[PDB]
Amino acid sequence: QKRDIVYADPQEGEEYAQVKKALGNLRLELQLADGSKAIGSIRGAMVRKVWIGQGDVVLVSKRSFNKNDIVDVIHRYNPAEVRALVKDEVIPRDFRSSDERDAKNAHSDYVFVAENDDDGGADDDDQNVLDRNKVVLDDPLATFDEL
Amino acid sequence: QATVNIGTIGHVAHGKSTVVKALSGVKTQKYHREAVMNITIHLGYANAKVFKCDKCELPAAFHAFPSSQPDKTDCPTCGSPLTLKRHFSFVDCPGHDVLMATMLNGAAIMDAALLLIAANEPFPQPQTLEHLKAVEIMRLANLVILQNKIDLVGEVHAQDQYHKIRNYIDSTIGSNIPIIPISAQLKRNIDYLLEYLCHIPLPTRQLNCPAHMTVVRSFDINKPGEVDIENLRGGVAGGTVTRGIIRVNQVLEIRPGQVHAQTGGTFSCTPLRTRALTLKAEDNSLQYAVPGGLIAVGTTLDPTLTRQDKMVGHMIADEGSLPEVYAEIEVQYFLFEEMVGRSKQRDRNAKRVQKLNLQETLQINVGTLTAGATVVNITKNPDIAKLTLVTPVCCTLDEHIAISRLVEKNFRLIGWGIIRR
Amino acid sequence: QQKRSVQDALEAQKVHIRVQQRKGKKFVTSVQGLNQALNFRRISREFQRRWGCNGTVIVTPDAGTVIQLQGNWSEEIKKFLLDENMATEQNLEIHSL
Amino acid sequence: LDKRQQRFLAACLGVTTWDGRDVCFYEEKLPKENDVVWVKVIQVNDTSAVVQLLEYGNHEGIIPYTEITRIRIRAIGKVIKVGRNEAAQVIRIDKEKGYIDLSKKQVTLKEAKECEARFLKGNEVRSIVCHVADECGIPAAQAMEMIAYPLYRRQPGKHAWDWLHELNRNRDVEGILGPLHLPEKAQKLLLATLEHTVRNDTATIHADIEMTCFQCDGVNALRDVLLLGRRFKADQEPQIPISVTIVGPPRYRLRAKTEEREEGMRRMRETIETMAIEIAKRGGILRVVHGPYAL
Amino acid sequence: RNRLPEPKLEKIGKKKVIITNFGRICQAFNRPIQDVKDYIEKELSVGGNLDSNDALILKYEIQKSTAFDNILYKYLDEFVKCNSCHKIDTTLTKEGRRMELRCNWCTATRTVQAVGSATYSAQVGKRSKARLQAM
Amino acid sequence: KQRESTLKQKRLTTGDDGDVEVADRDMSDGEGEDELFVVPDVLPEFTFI
RNA sequence: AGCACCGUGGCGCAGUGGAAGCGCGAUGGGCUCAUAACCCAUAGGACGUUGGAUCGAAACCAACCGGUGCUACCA
Ligand SMILES: Nc1nc2c(ncn2[C@@H]2O[C@H](COP(=O)(O)OP(=O)(O)NP(=O)(O)O)[C@@H](O)[C@H]2O)c(=O)[nH]1
Ligand SMILES: [Mg+2]
Ligand SMILES: [Zn+2]
């Protein structure tokens, strides 16, 4: 179909952030990967078409007319893309603060690294092309004899 | 035997028994110590002889073990025979919160100590500072400051640290004591360290005044001995001598002696007469004990108690020599302004000491004693308290006392005192 | 005095909390390691009233005076014993998550 | 050594055939109605099951389905299975051609404890009298009938084990051979009955001395106390030393384990009294925990 | 900041969780199989085994996540990771009774102790069946 | 598909021996990816975009 | 350092002299629209090691080794 991954535009609202716990009446509690503590909401195209769990990472928006009102979840990042994001160069895995930075909660927590793609297979596509219009030897039984 | 007693102070997690492990090559245990993990709990002792390495000042590399360095009779570092200079004992005084009182117990024995700080923590913790003021009661002159970890973090943070510490010291205690790098679970830069210990002078002591000994250890009975003569392989008054020559087959009096209960409200304690069976220090056996060094004076008579040390602050002398036993001591006390050992944010933000008042739990650390006291009188003359001690104390000097109070399930130095008596 | 002090500030008194799961997303929780002197009826009956729960005052052989609760609570079964001299902050096992 | 040799040899065999697996323990062919018995489980067969007794030969018996327990079980298999040895009692009994009918569901609130004990005693009696009998000649039937069977008849239901008209008498004390008849097999009987059994295992507390208190003479006093502690004695074992655990400085733990009876209790009490009253005047006083146990 | 294989999961039967990468993980911090397995299974207070093709099985049910990591963190900061430097190259020893562990990248020795839980587990949670089996 | 097979049960009622009959037993999930089965082209373009 | 207890299938254990079993497992089938639940068939044992007692045992005795608990704290 289409892309499963988008990047924040720093202008026009939109900043990465992580869910903490969940609260009633469609709202939840939400915390900033630089700033202090927040409360979020959700949009009505995700009211039960999409479920945003706790400690899932998402992309907010912010109000244009007035800051420091409330913010809203306008997207979700699938776990597949979270590991990728966090790797590259981008967001902290500790979500600066955590609850708070002055209590330094949840210490390392040493890196995990998705270094598990290659298993030591999948080496060499640099080899032969077809040989056709040649008589060549190639009888089986090979190895079968060492005498 | 050892001639000079060298202690160890420093907050826990900065090394204590670690530096000792480097040099001596031995460790201390009691079983309980393992179960709580990296708490030392009671006191260290070990012995390492000094013999000068004769082309050594600071050569680049050698084996990590200290046997190429002193505590050997041959040298491979200079490749030449060795020659005696000195011999030392070690003592390890705790750095954990609770263990203040037992640091105090072992604080009047020593003739010097090493402060230990590490680069992995903040500038001056609370417990470090409290150690220092504790010292100044008993008024040691020689002191040495060290950085235990310098190779576990960079050679940048090291420098800073050193500058700060350097500033702070010689603005508290003069002599401008040196601040020195070492390693001692990698066991390097001993040569450096050792050179500074060599220069620390002979202290003076009296060898012809009536006997005085300070006990801090007891129990050596068995397990085995099991068969034959049957049990055990009688006990000890394992401690230091300050005065006189403790020879074998002398007659000794224990001057706190056996404690007897109150008969209504007044208690009595009767001395214990005992004989020296043998003097044992290190793995060697002595025929006479010279002041300085930990000598295991072999005791005699009856069983019961003195399991690990129930000889806490006990004084041994010769027959017909009696340090005066006092049940009541008139203490002239001076308090500090800061309740050291408090941990809140930073050491410098500390709370201030509350005045000494009637009817409060004290302690009273008279030398090696840990006697419980209650204030009954603040009046006799201003700033004098007539304090009644349940556990009797023997005066041989005017006595230099550190006073400890409970702050929150643990005592924290509050002041110092001197007995008028 | 000091003896008792140590023997208490550095020995025994170790405070167990644990969480498990009954099914799907239902959960359960316990506490153990609290001294016999304290009334269990008064602590349990507090936890309950401060949030839809369900206590007990179970006594089990060689583990006794052990109390459990209904729901996942780990955080608040630690928090409430911190400020209140019930756990020297050193004896706090969590087996949750 | 023909003993060693016989063993190693007979791992390669070809086995020596022996009576371990058959022959009725008592006279009777079959029990009376409502008698507990000790059976073995040959199989299940869905509709009830076929088991065998062991107290009387290998003779069958068959429990009927819906007669194993009160509870729903669904599967019969996973309560009882096969190869077990279990209790059961009787309901009906045909002596005409030997059908017997049993229940496991009427054996309730133990009772099957008695069954264990009973069975075991039986097994002892039997395995004994064969090793006797077949060193010389004669089949087991006859030797049995002349040694085993009398003591089940003479005194009613006292077995050939317990009360002191039976066999374990003749392990303590002798003189009961007389009213029975017995050639050479008397020898082999009594001597196998010794060679195997065993009594077994008994208490072994360890005196505890707490020599609390003081006095211008403790150690010396403690030594004197210690010297009378153990040997002492010796005599044939049980003994009473070694002695051998240091606990604390006042507390000394002396062993004292017996292999034979309550007789160790007397020795410990006497030793403690001598040490405490006559001695312990030169040192502290002797106190007991007590003292015995460990257990 | 070391690199640890990111445990990876499967939801089979909507009860069990199979962990494929088990074998690889245990190798990495240089500790054996059975001992590591014990700690995990004790904390969660579930059954399941290993065996197989060295993929673990557990009766613990969770919504599929990367949140298995918390468990591993506990194990690694108790057992393997020295409190001198912060670094795993570490190697277990047998010293005295209930004494173990050594560091070797600066050789500051450290002891630790091993779980043998058995204090309180509650009860969960069907009955009838329990008594039936314990018949 | 299994979830579609779990929504075909049949039926309620506590007990039929000692154990329970319940349908549904809760699920509020929910789906991940939606893999999207990539091969229009992959590698070369990625160094420009 | 002694005392006490324990050592049996991958793991936890049963088995007081006629002497290889059970529960959890692994692997492969069957029941079910699927999954739990539940049946069945397979392979998997120096009964810690050594000596001794015994017609004969894995079971009893001794020696050593390992594991765990308790008391010991070692000039
Ligand atoms: N890398 C490194 N490790 C060190 C250094 N000094 C000590 N350690 C480590 O720190 C640990 C603590 O040793 P220890 O001396 O018991 O600390 P302590 O401060 O004496 N304990 P206590 O506070 O109770 O006296 C030891 O395992 C040792 O390996 C150092 O300079 N570098
Ligand atoms: Mg230490
Ligand atoms: Zn390290």
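Residues numbered from 1 in each chain as written, not as in the entry; some residues may be left out. Chains lettered and ligands numbered in written order. Part of a larger assembly, values for the part shown. Heavy atoms only, no water. Residues with missing side-chain atoms left out of burial classes, pairs and counts.

Its PDB header names cryo-EM as the technique used to obtain the model and reports a resolution of 3.33 Å.

A. Examining the coordination of the zinc ion (ligand 3) more closely. All names here are of chain E. The protein atoms that coordinate the zinc ion (ligand 3) are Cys85 (SG) and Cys103 (SG), at distances spanning 2.5 to 2.7 Å. A residue pair is termed long-range when its members are at least 10 positions apart, and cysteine 85 in the loop between α3 (69–78) and α4 (129–133) and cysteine 103 in the loop between α3 and α4 qualify at 18 residues. When sorted by exposure, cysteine 85 lands in the same class as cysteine 103, which is buried. (Donors = N, O, S within 2.8 Å, 3.2 Å for Na, K, Ca; no water. Helix = DSSP H or I, 4+ residues; strand = E, 2+ residues; numbered from the N terminus. Buried < 20%, exposed > 50% of the residue type's maximum accessible area, 1.4 Å probe, protein only.)

B. The arrangement of the chains, seen in detail. There are 10 pairs of chains in contact here; the most contacts are made by chains B and D. Between chain C and chain D there is no contact, and the shortest C-alpha to C-alpha separation is 19 Å. (Contact = heavy atoms within 4.5 Å.)

C. Summary view of the state of the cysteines. Summed over all chains, the structure comprises zero disulfides over all chains. Here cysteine 75 of chain B stays unpaired: no disulfide links it, and the sulfur of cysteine 78 of chain B, its closest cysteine neighbor, is 3.6 Å away. Overall, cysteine 75 of chain B belongs to the buried group, its relative accessible area being 8%. Unpaired in this structure, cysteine 26 of chain E has its nearest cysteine sulfur neighbour in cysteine 82 of chain E, at a distance of 20 Å. For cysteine 26 of chain E, a relative accessible area of 1% translates into the label buried. (Disulfide = S-S within 2.5 Å.)

D. Molecular detail of the UniProt feature "domain: SUI1" (unreviewed entry) in chain C. This chain's UniProt record puts "domain: SUI1" (unreviewed entry) on residues 15–85 of chain C. With 21% helix and 27% strand, the stretch residues 15–85 of chain C has end C-alpha atoms that lie 12 Å from each other. (UniProt positions renumbered as here; feature names shortened; annotations may be inferred.)

E. View of the protein's contact with RNA strand G. As a matter of local geometry, RNA strand G sits amid 50 residues, with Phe219, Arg233 and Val236 of chain B, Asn49 of chain E together with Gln2 of chain F nearest to it. If you look at RNA strand G and keep only atoms within 4 Å of the protein, 61% of those are sugar or phosphate atoms. In this structure, a base nitrogen belonging to RNA strand G sits 3.3 Å away from a side-chain N or O atom of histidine 32 of chain B. Within the side chain of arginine 217 of chain B, one N or O atom sits 3.4 Å away from a sugar or linking oxygen of RNA strand G. Broken down by element, the surface near RNA strand G gets its largest block of residues, five residues, from helix α3 (residues 112–133) of chain D. Of the residues assigned to the surface near RNA strand G, the class counts are nine nonpolar, 16 polar and 25 charged. (Near = heavy atom within 4 Å. Polar contact = N/O pair within 3.5 Å; in protein donor to acceptor, adjacent residues only side chain to side chain. Nonpolar A, V, L, I, M, F, W, Y, C, P; charged D, E, K, R; others polar.)

F. Molecular detail of the interface of chain D and chain B. Counting residues at the interface gives 21 residues for chain D, matched by 17 residues for chain B. Summed over both partners, the interface of chain D with chain B buries about 1600 Å², with 63% contributed by carbon and sulfur atoms. One can count one salt bridge joining chain D with chain B. Here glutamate 230 of chain B makes a salt bridge to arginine 230 of chain D, at a shortest N to O gap of 2.2 Å. Where chain D touches chain B, the interface holds four residue pairs in polar contact. (Buried area = accessible area lost by both parts, 1.4 Å probe. Salt bridge = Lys/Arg side-chain N within 4 Å of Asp/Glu carboxyl O.)

G. Spatial organisation of the site of ligand 1. Surveying the vicinity of ligand 1 reveals 16 residues, the closest of which are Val12, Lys16, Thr18, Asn148 and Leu152 of chain B. Nearby residues place ligand 1 at the junction of chains B and E. The backbone of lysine 149 of chain B places a nitrogen or oxygen atom 3.2 Å from an oxygen atom of ligand 1. In this structure, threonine 109 of chain E approaches ligand 1 through a main-chain N or O atom, which is 3.0 Å from an oxygen atom. Computed on the free molecule, ligand 1 has an accessible area of 650 Å², of which 91% lies beneath the protein chains in the complex. (Areas by Shrake-Rupley, 256 points an atom, 1.4 Å probe, with all protein chains shown as cover.)

H. Molecular detail of the packing of aromatic side chains. This model, assessed by the stated rule, comprises 15 aromatic pairs over all chains. Look at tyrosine 192 of chain B and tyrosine 196 of chain B: their rings are 5.0 Å apart centre to centre, the planes differ by 85 degrees, and that puts the pair in the edge-to-face class. Of this pair, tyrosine 192 of chain B and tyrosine 196 of chain B both sit in helix α6 (residues 190–198), separated by four residues, roughly a single helical turn. We classify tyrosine 192 of chain B as partly exposed; its relative accessible area is 24%. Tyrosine 196 of chain B sits in the partly exposed class, given a relative accessible area of 28%. Note on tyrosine 26 of chain D and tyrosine 152 of chain D: the rings are 5.0 Å apart at their centroids and 50 degrees apart in plane angle, and the pair reads as tilted. (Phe/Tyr/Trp six-rings, centres within 6.5 Å; stacked < 30°, edge-to-face > 60°.)

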